[PDB]
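# Summary of structural features
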4 protein chains.
Amino acid sequence: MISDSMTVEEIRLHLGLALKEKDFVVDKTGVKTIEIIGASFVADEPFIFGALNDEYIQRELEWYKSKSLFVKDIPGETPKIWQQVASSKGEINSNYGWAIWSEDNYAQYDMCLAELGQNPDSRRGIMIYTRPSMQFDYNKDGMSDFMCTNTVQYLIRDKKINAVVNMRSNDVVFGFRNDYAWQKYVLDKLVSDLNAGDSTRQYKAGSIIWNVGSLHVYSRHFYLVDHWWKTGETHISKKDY
Amino acid sequence: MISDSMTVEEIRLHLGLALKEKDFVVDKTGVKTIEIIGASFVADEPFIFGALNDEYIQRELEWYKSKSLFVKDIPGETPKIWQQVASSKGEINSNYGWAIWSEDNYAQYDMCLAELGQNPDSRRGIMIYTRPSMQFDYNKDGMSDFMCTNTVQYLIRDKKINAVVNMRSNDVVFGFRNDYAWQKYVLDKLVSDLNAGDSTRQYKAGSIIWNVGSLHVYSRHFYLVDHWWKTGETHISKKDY
Amino acid sequence: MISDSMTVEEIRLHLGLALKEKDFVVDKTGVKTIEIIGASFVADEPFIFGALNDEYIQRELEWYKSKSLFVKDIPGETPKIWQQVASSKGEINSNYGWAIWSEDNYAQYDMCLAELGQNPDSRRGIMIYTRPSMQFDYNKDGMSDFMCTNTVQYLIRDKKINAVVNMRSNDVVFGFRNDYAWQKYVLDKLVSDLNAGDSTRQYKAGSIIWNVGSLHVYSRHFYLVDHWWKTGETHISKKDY
Amino acid sequence: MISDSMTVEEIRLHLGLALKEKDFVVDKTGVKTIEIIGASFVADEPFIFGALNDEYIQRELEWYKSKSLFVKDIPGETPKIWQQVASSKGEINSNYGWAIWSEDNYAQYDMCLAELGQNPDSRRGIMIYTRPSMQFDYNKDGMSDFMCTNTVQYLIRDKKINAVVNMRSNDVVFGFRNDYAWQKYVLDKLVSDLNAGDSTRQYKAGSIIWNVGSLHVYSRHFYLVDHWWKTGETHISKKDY
Ligand SMILES: Nc1ccn([C@H]2C[C@H](O)[C@@H](COP(=O)(O)O)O2)c(=O)n1
Ligand SMILES: Nc1ccn([C@H]2C[C@H](O)[C@@H](COP(=O)(O)O)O2)c(=O)n1
Ligand SMILES: Nc1ccn([C@H]2C[C@H](O)[C@@H](COP(=O)(O)O)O2)c(=O)n1
Ligand SMILES: Nc1ccn([C@H]2C[C@H](O)[C@@H](COP(=O)(O)O)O2)c(=O)n1
């Protein structure tokens, strides 16, 4: 059986509680955050707070498909968030397409697909994003990019493929929205590829279970949590706030 | 805030429910298991079902301290569970001492200690056990040992150090008991080492949060679950059952 | 008496002659081969052309020992030659360990051992790899794997155990090297097991006689034959050629 | 190219040498044999020693065409050689018509014909006589009949169809004469059927290459080898000897 987990609605409540109680933690950039430690919830909505920017997510998807470790290869103007984290040569670590499709990271997608194709009940169907050398690689050439996704495990039960996403660190506003879109994309892809392999499989996408070491909101987004706390609206304009 | 998690008592309940409903999944060895997918709970007891064997855990600890990848180096007679999983030369992957203390796995303990010593609020204090090449290494020389612990993250909040344990796969009876004893040992060690570095830190061991992709009981241990279901006792003799 | 057979040196000569005369046969993949039909020789060297890869043969041995019909179970990264031949679920037919050690294939090794242990002069000591249903099984679930080893017979004469290997099809470069290493392993095993049964037997490994319906070199390896023809060297680098 | 093989004349010479040198091997019935191990020769004559009994061969052909596994179904009086090998119910294994024409043995003739009709260059055109379960079937109900023909492979090269006959065991005097007549019959049949399928094929019967694990003469026939050794005559009456 799948575990009885929190939903995104309950996560919102706990974040609102944390803000109400001034449970602040200082970020490495010196700014305040509110935070849930050891968060586990079913990602039953594609965002927690904020607006869905489908245009941005598609540009990040294209970049992941390219497997490029260089931020300039993001289609169009590279977001400053990626710029400020990049090395002196414009290089990063956290291209998730590189993580699951590159032979340099040992063919995570293909091997997980082969494992589940051979044994649908397997507990070894997993895509390993991070690596032990990340202890030294995170600041190569002056980048600041310690892989925040650790592993994603895929478990086929009752003809549904469930994804257990294990993250070290996840920004509630920008991070979760983008990362969810990515994990949903890969899950749908894996379902497709397994079904294409054998027409009698008839697998369906199941639940995405989100496990985060530190799930946090930065102080620049406190107004979103606050507004939701007062009104139940998951988004405002900064100007309307 | 730390997430409001299940406890071990609630895990026991959900496992008993799975057995009551005959919710069986077939193991790779062909035997039945009951299973909770995406389990997340606070490890507030040192076992789930079965008895505590302090003698065995100490032998496994000594082996981890040696960092040897060879099962014969386990003090005394090597358990057959380690024998059957080993390669043709007696080698394995899953020596956790090797994982966190070897320079070959990039000094996970020392680097996590250095990170937390420098920034106590860090989200980057993590010990990475598994590796991307595990897709190929798991059956090197005919072993059958795909690392079941992925990562363990350590978060210092309110002067308590919390461990977020991310496991791919965990046997409820033997695995959890042994692995918990190990994770508790490492957490106490890390608290000690940080306190030894600065007397004003006064850190204390916090909660160990257990995240498991597949948390399962093998059919050979169903009698333990069944007995607890009927009586509330967490252990019987196989003969008494 | 053992028949007065060709040796590997003479096979090399006849292959070089076939290439010199442009005696080409078109493979099922559309590529050219040179070929000796009804080849019979004593395998008095462990290869014909090309280098010996002890690392690879040991991985294939480990896989045979596992008896797994799934190519992912080959230790490490599965060679693409095994990948392209496998079914939609990664399954094959030609695990020779399965052929001689599985109860599913009627215990070929054990029965041949029992036969020779009881009557050392027997003509019925044989390990039957292929099966009549191979006419239908060769492309089960879209695999392309028609068993190339038919039978191996073992004859004890003058306290030496001779193996008569009957193959339908054998690639001179990769196939013969790997298959010889396997047949030599099994012969040494059988000698050991018979000697262990009775200390007065004092059997020794005899000759391995290789009988092949089609013994062929693929066009991608013609440079090896051509080079040996010119120089007498049984191996070059593709780059050096 | 077809391998440069021994002829029947050279086989005669080697058998005569074996007798001259008293290279005897004890049969399972307690009688002496002389023997060539791993014999490979082109069957360029229809007998080795002895007389051609066309009358007997035609009765065995009729029996094979019937596909009956019962020896009483041999036309006329059943030869005592077939009687002494039969089960308590008169049953045997080695009806070669059953082996290649029965659906019970997976339609060996038809499938080999379909393979060569689709791809004339195929290395997979083979009729598999024996089976893995022969390890247990050879003495079913007290018969003594371990299939002595393993496989026959057909290779079409230069519009000639060559047959590579792989036998475990073959009696030089009665066995080879009968078995050769059978294999020649099937080869001619296969040529006919392929030619009837397409008038532009114009295939012709090629060589029959005979591969035998143990090619032997029983002591009751030593007088034939001896007489040939002295006179070069391939047959005498027992009375004239
Ligand atoms: N795909 C990504 C990449 C990064 N982050 C966010 C999480 C943290 O806010 C920050 C990483 O900081 P740290 O490494 O200090 O956790 O980036 C995220 O949520 N998702
Ligand atoms: N320290 C360890 C090592 C192993 N396992 C158990 C979990 C599974 O029962 C099995 C691994 O099997 P799989 O790789 O098929 O999950 O070993 C565990 O619980 N803890
Ligand atoms: N153990 C093996 C398995 C396969 N083959 C080679 C022989 C042929 O090159 C090919 C099989 O093709 P076919 O079935 O068309 O003969 O694989 C081999 O030599 N030895
Ligand atoms: N069609 C057949 C059937 C049988 N045999 C002969 C070969 C051996 O002399 C004997 C079988 O004995 P074994 O099984 O001990 O080899 O029968 C043969 O030559 N041809």
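Residues numbered from 1 in each chain as written, not as in the entry; some residues may be left out. Chains lettered and ligands numbered in written order. Heavy atoms only, no water.

As documented in the archive entry, the model was determined using X-ray crystallography at 1.60 Å resolution.

Here we take up the overall build of chain A. Broken down by element type, chain A carries 8 helices and 6 strands. Shown N-terminal to C-terminal, the secondary structure of chain A runs as helices and strands in the order α-β-β-α-α-α-α-β-α-β-β-α-β-α. C-alpha atoms of chain A, sized along the principal axes, occupy 50 × 45 × 30 Å. Residues counted as buried form 59% of the 241 residues belonging to chain A. Look at the contacts in chain A between residues 6 or more apart in sequence, and 66% of them connect residues 24 or more apart. (Helix = DSSP H or I, 4+ residues; strand = E, 2+ residues; numbered from the N terminus. Buried < 20%, exposed > 50% of the residue type's maximum accessible area, 1.4 Å probe, protein only. Contact = heavy atoms within 4.5 Å.)

Right, let's talk about the site of ligand 2 for a bit. Not every one of the 13 residues close to ligand 2 is listed here, only the nearest: B:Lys28, B:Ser169, B:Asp179, B:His216 and B:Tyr218. Ligand 2 sits at the junction of chains A and B, each of which supplies nearby residues. Contacts to ligand 2 include A:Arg124, whose side-chain N or O atom sits 3.0 Å from an oxygen atom. At a separation of 2.7 Å, an oxygen atom of ligand 2 approaches a polar side-chain atom of B:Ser169. Out of a free accessible area of 460 Å², ligand 2 has 83% covered by protein chains. Taken together, the elements giving at least two residues each to the shell around ligand 2 come down to β5 (160-171), α7 (174-197) and β6 (204-218) of chain B. For the shell around ligand 2, the element with the most residues is β5(B), which contributes 4 residues. A class-by-class count of the residues in the shell around ligand 2 yields 3 nonpolar, 4 polar and 6 charged. (Near = heavy atom within 4 Å. Polar contact = N/O pair within 3.5 Å; in protein donor to acceptor, adjacent residues only side chain to side chain. Areas by Shrake-Rupley, 256 points an atom, 1.4 Å probe, with all protein chains shown as cover. Nonpolar A, V, L, I, M, F, W, Y, C, P; charged D, E, K, R; others polar.)

Let us now look at the pairing of strand β4 (residues 149-157) of chain D. All names here are of chain D. Most of β4 is tucked away: 9 of the 9 residues are buried. Across 3 bridges, the pairing between strand β3 (residues 126-128) and β4 is antiparallel. In the sheet register, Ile128 faces β4, and the bridge partner there is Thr151. Pairing of β4 with strand β5 (residues 160-171) involves 8 bridges; the strand directions are antiparallel. Bridged to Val152 within β5 is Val165. Following β4, the chain reverses through 2 residues before pairing antiparallel with β5; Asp158 in that reversal takes a positive phi of roughly 55 degrees. (Pairing = 2+ DSSP bridges.)

A word on helix α1 (residues 8-20) of chain D. All names here are of chain D. Between the first and last C-alpha of α1 there are 18 Å, a value that for 13 residues agrees with the 18 Å anticipated at 1.5 Å per step. Contact partners of the buried residues in α1: β2 (32-42), β6 (204-218) and α8 (222-231). Count one or two residues on from α1 and you reach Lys22, which has phi positive near 55 degrees. (Expected span 1.5 Å × (residues − 1).)

Once that is clear, we can look at the interface of chain C and chain B. Listed per partner, the contact involves 7 residues of chain C and 6 residues of chain B. Counting across the interface, chain C meets chain B through 0 salt bridges. On the surface where chain C and chain B come into contact, there are 3 residue pairs in polar contact. Considered class by class, the residues forming the side of chain C that touches chain B number 2 nonpolar, 1 polar and 4 charged. (Salt bridge = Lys/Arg side-chain N within 4 Å of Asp/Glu carboxyl O.)

Here we take up helix α5 (residues 108-118) of chain B. Along α5(B), the residues that are buried comprise B:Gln108, B:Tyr109, B:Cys112, B:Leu113, B:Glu115 and B:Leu116. Down the axis of α5(B), the buried side of the element spans an arc of 165 degrees, and every buried residue falls inside it. In this fold, the buried residues of α5(B) make contact with α6 (134-137) of chain A together with α4 (96-101), β3 (126-128), β4 (149-157) and α7 of chain B. (Arc of directions from axis to C-beta.)

A separate point is the pattern of salt bridges. All names here are of chain A. Counting across every chain of the model gives 45 salt bridges over all chains. The salt bridge partner of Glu9 is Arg12, with a shortest N-O separation of 2.8 Å. Note that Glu9 and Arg12 are positioned in helix α1 (residues 8-20) at a spacing of 3 residues, about one turn of the helix. When its relative accessible area of 38% is taken as the criterion, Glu9 is described as partly exposed. The class for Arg12 is buried, based on a relative accessible area of 1%. Sharing partners across several salt bridges, the network here consists of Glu9, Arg12 and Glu45.

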